[PDB]
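Each remark here refers to the structure printed beneath this line.
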Amino acid sequence: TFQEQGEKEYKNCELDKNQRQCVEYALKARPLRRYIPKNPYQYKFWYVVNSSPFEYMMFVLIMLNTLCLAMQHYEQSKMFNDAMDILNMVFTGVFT
Amino acid sequence: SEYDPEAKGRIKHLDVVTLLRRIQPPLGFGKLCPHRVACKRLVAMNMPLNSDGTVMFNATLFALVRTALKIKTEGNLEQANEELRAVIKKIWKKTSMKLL
């Protein structure tokens, strides 16, 4: 009954439902900026920051942090607690 | 936006072919040689008569959208904008260049 209420959009003299949503987006748009840098010495690091291998490496780097964040349990051993503190420092360091 | 470090509205005509090549077949062209299809179909549609290397973004995708659905031949170009001005929302004077 709600859906039948939305059927009253009788603007289909020549266009179909597929044309209704695509046209409006095209009429209202503006390209954004890619922010490509310059000054090669500054541009040198942009390749490392913006690259598929870098984000793929950090993708599994974040995943391993989640695995570490889930291993804490009740009455964990003192060595386990010590191993967690250094692992926390390693992950927070690389993220920094 | 890939070819523009800053938008600035327009790009050069040398990148027009490379723009359409990296698009999926549902939106762009087939997997065959672009010379036989994409190069020939480029002139087929209607384009604004601007300078050699001054083409705006909204004048490129609009032809592609018009090609995807209800493609029309020559002789009734103004009918397209007539349909938009009678069904689609206010144009706000932004379809003047795209009308031709």
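Starting from 1 in every chain, residues are counted up; chains themselves are A, B, ... following the order of the structure tokens, and ligands are numbered from 1 as listed.
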
What residues in chain B have any atom no more than 10 Å from chain A when counting only C-alpha atoms, and can you write them as a tab-separated table (two decimals) with C-alpha atoms, in the first residue's frame?
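Contents of out.tsv, as written:
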chain	number	residue	atom	x	y	z
B	1	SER	CA	38.98	13.02	-12.31
B	2	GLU	CA	42.00	10.73	-12.79
B	3	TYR	CA	43.58	12.93	-15.49
B	4	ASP	CA	42.90	16.17	-13.57
B	5	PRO	CA	45.09	16.97	-10.55
B	6	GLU	CA	42.60	19.83	-10.22
B	7	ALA	CA	39.17	19.73	-11.85
B	8	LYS	CA	39.20	23.11	-13.66
B	9	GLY	CA	36.21	21.91	-15.69
B	57	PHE	CA	32.71	17.08	-18.10
B	58	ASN	CA	28.92	17.37	-18.32
B	61	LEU	CA	28.74	11.76	-19.97
B	62	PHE	CA	25.44	13.25	-21.16
B	65	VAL	CA	23.60	8.50	-21.08
B	66	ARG	CA	21.62	9.52	-24.16
B	68	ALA	CA	22.49	4.03	-23.38
B	69	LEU	CA	18.72	4.59	-23.47
B	70	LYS	CA	16.35	5.97	-26.13
B	83	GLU	CA	11.57	16.44	-23.12
B	84	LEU	CA	13.82	17.44	-20.21
B	86	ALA	CA	8.79	19.35	-19.77
B	87	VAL	CA	9.39	16.39	-17.43
B	88	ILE	CA	12.80	16.76	-15.79
B	89	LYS	CA	13.28	19.37	-13.07
B	90	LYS	CA	14.48	22.94	-13.62
B	91	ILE	CA	17.49	23.14	-15.92
B	92	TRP	CA	18.78	26.36	-14.27
B	94	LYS	CA	22.95	24.81	-17.37
B	95	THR	CA	21.80	22.92	-20.49

Any idea what's packed within 10 Å of range 26-31 of chain B, counting only C-alpha atoms, ignoring anything in its chain fewer than 3 positions away? Could you give it as a count of residues only? 13

Considering only C-alpha atoms, return as a ChimeraX atom specification whatever protein or nucleic-acid residues lie within 12 Å of residue 67 in chain A, sequence-local ones (same chain, fewer than 6 positions apart) excluded. /A:60-61,84,87-88,91

Residues from last step as file, N, CA and C atoms, as a tab-separated table (two decimals), in the first residue's frame:
chain	number	residue	atom	x	y	z
A	60	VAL	N	46.21	-6.16	5.95
A	60	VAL	CA	46.49	-7.29	6.83
A	60	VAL	C	47.16	-6.84	8.12
A	61	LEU	N	47.77	-5.65	8.13
A	61	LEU	CA	48.33	-5.12	9.37
A	61	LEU	C	47.22	-4.77	10.36
A	84	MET	N	51.62	-9.13	25.22
A	84	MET	CA	50.60	-8.24	24.66
A	84	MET	C	51.06	-6.79	24.68
A	87	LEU	N	53.38	-6.20	21.79
A	87	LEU	CA	52.61	-6.26	20.56
A	87	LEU	C	51.77	-5.00	20.38
A	88	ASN	N	51.24	-4.46	21.48
A	88	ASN	CA	50.53	-3.19	21.40
A	88	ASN	C	51.46	-2.07	20.95
A	91	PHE	N	52.24	-2.36	17.08
A	91	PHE	CA	51.16	-1.95	16.19
A	91	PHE	C	50.91	-0.45	16.28

Grab the CA of residue 73 in chain B to CA of residue 21 in chain A distance for me, in Å with one decimal place.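 Straight-line distance from CA of residue 73 in chain B to CA of residue 21 in chain A works out to 23.3 Å.
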
For residue 11 in chain B, find every residue with an atom within 7 Å (counting only C-alpha atoms), except residues of its own chain fewer than 5 positions away, and show them as an mmCIF file with C-alpha atoms, in the first residue's frame.
data_model
loop_
_atom_site.group_PDB
_atom_site.id
_atom_site.type_symbol
_atom_site.label_atom_id
_atom_site.label_comp_id
_atom_site.auth_asym_id
_atom_site.auth_seq_id
_atom_site.Cartn_x
_atom_site.Cartn_y
_atom_site.Cartn_z
ATOM 1 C CA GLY B 53 40.904 21.085 -26.446
ATOM 2 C CA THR B 54 38.109 22.666 -24.374
ATOM 3 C CA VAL B 55 35.471 20.061 -23.460
#

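You will find CA of residue 78 in chain B at 14.8 Å from CA of residue 93 in chain B.
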
Using DSSP assignments from the backbone, pull out every residue in chain A that falls under helix (DSSP H, G or I) and give it to me as an NGL selection string. :A and (2-8 or 17-27 or 40-49 or 52-70 or 78-95)

Please, could you write that set of residues out with C-alpha atoms as a PDB file, in the first residue's frame?
ATOM      1  CA  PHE A   2       2.913   2.340   0.678  1.00  0.00           C
ATOM      2  CA  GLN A   3       4.536   1.325  -2.616  1.00  0.00           C
ATOM      3  CA  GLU A   4       1.337   1.970  -4.579  1.00  0.00           C
ATOM      4  CA  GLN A   5       1.385   5.502  -3.151  1.00  0.00           C
ATOM      5  CA  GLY A   6       4.788   6.106  -4.752  1.00  0.00           C
ATOM      6  CA  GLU A   7       3.528   4.987  -8.168  1.00  0.00           C
ATOM      7  CA  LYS A   8       1.738   8.320  -8.756  1.00  0.00           C
ATOM      8  CA  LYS A  17      11.910   4.344 -14.480  1.00  0.00           C
ATOM      9  CA  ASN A  18      15.544   3.658 -15.414  1.00  0.00           C
ATOM     10  CA  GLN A  19      15.847   7.094 -17.046  1.00  0.00           C
ATOM     11  CA  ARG A  20      14.213   8.798 -14.048  1.00  0.00           C
ATOM     12  CA  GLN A  21      17.130   8.327 -11.634  1.00  0.00           C
ATOM     13  CA  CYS A  22      20.109   8.565 -14.001  1.00  0.00           C
ATOM     14  CA  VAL A  23      19.122  11.898 -15.567  1.00  0.00           C
ATOM     15  CA  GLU A  24      18.814  13.781 -12.272  1.00  0.00           C
ATOM     16  CA  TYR A  25      22.284  12.734 -11.094  1.00  0.00           C
ATOM     17  CA  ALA A  26      23.855  13.852 -14.380  1.00  0.00           C
ATOM     18  CA  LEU A  27      22.212  17.284 -14.233  1.00  0.00           C
ATOM     19  CA  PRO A  40      59.443  15.745  -6.809  1.00  0.00           C
ATOM     20  CA  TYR A  41      61.189  15.507  -3.427  1.00  0.00           C
ATOM     21  CA  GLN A  42      57.705  15.703  -1.908  1.00  0.00           C
ATOM     22  CA  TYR A  43      56.297  13.637  -4.794  1.00  0.00           C
ATOM     23  CA  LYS A  44      58.756  10.832  -3.986  1.00  0.00           C
ATOM     24  CA  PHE A  45      56.814   9.770  -0.885  1.00  0.00           C
ATOM     25  CA  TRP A  46      53.426  10.071  -2.616  1.00  0.00           C
ATOM     26  CA  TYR A  47      54.140   6.881  -4.575  1.00  0.00           C
ATOM     27  CA  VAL A  48      54.688   4.983  -1.318  1.00  0.00           C
ATOM     28  CA  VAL A  49      51.591   6.449   0.357  1.00  0.00           C
ATOM     29  CA  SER A  52      48.199  -0.882  -4.016  1.00  0.00           C
ATOM     30  CA  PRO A  53      50.966  -2.802  -2.150  1.00  0.00           C
ATOM     31  CA  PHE A  54      50.996  -0.229   0.663  1.00  0.00           C
ATOM     32  CA  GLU A  55      47.260  -0.386   1.375  1.00  0.00           C
ATOM     33  CA  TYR A  56      47.273  -4.170   0.938  1.00  0.00           C
ATOM     34  CA  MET A  57      50.086  -4.448   3.494  1.00  0.00           C
ATOM     35  CA  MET A  58      48.195  -2.238   5.945  1.00  0.00           C
ATOM     36  CA  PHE A  59      44.982  -4.169   5.251  1.00  0.00           C
ATOM     37  CA  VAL A  60      46.486  -7.286   6.831  1.00  0.00           C
ATOM     38  CA  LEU A  61      48.327  -5.122   9.370  1.00  0.00           C
ATOM     39  CA  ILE A  62      44.968  -3.943  10.723  1.00  0.00           C
ATOM     40  CA  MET A  63      43.651  -7.515  10.629  1.00  0.00           C
ATOM     41  CA  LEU A  64      46.478  -8.819  12.820  1.00  0.00           C
ATOM     42  CA  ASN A  65      45.712  -6.056  15.321  1.00  0.00           C
ATOM     43  CA  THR A  66      42.153  -7.391  15.575  1.00  0.00           C
ATOM     44  CA  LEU A  67      43.473 -10.916  16.173  1.00  0.00           C
ATOM     45  CA  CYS A  68      45.722  -9.579  18.934  1.00  0.00           C
ATOM     46  CA  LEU A  69      42.865  -7.546  20.427  1.00  0.00           C
ATOM     47  CA  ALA A  70      40.769 -10.732  20.695  1.00  0.00           C
ATOM     48  CA  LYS A  78      52.035 -13.183  33.109  1.00  0.00           C
ATOM     49  CA  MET A  79      54.106 -13.954  30.010  1.00  0.00           C
ATOM     50  CA  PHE A  80      50.992 -13.536  27.853  1.00  0.00           C
ATOM     51  CA  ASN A  81      50.328 -10.118  29.392  1.00  0.00           C
ATOM     52  CA  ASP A  82      53.946  -9.119  28.753  1.00  0.00           C
ATOM     53  CA  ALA A  83      53.715 -10.383  25.169  1.00  0.00           C
ATOM     54  CA  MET A  84      50.605  -8.243  24.659  1.00  0.00           C
ATOM     55  CA  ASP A  85      52.231  -5.003  25.827  1.00  0.00           C
ATOM     56  CA  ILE A  86      55.063  -5.254  23.295  1.00  0.00           C
ATOM     57  CA  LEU A  87      52.612  -6.258  20.556  1.00  0.00           C
ATOM     58  CA  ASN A  88      50.529  -3.190  21.399  1.00  0.00           C
ATOM     59  CA  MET A  89      53.634  -1.006  21.083  1.00  0.00           C
ATOM     60  CA  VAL A  90      54.580  -2.582  17.743  1.00  0.00           C
ATOM     61  CA  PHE A  91      51.164  -1.945  16.193  1.00  0.00           C
ATOM     62  CA  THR A  92      50.704   1.546  17.635  1.00  0.00           C
ATOM     63  CA  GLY A  93      54.219   2.407  16.479  1.00  0.00           C
ATOM     64  CA  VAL A  94      53.707   1.422  12.846  1.00  0.00           C
ATOM     65  CA  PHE A  95      50.281   3.088  12.775  1.00  0.00           C
TER      66      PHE A  95
END

For a test of reading the model, state the distance in Å between CA of residue 46 in chain B and CA of residue 18 in chain B, rounded to one decimal.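 About the pair CA of residue 46 in chain B and CA of residue 18 in chain B: they are 19.1 Å apart.
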
Identify all residues of chain B in strand (DSSP E or B) (DSSP on the backbone) and supply them as a list in words.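 Strand (DSSP E or B) members of chain B, listed: residues 10, 11, 55 and 56 of chain B.
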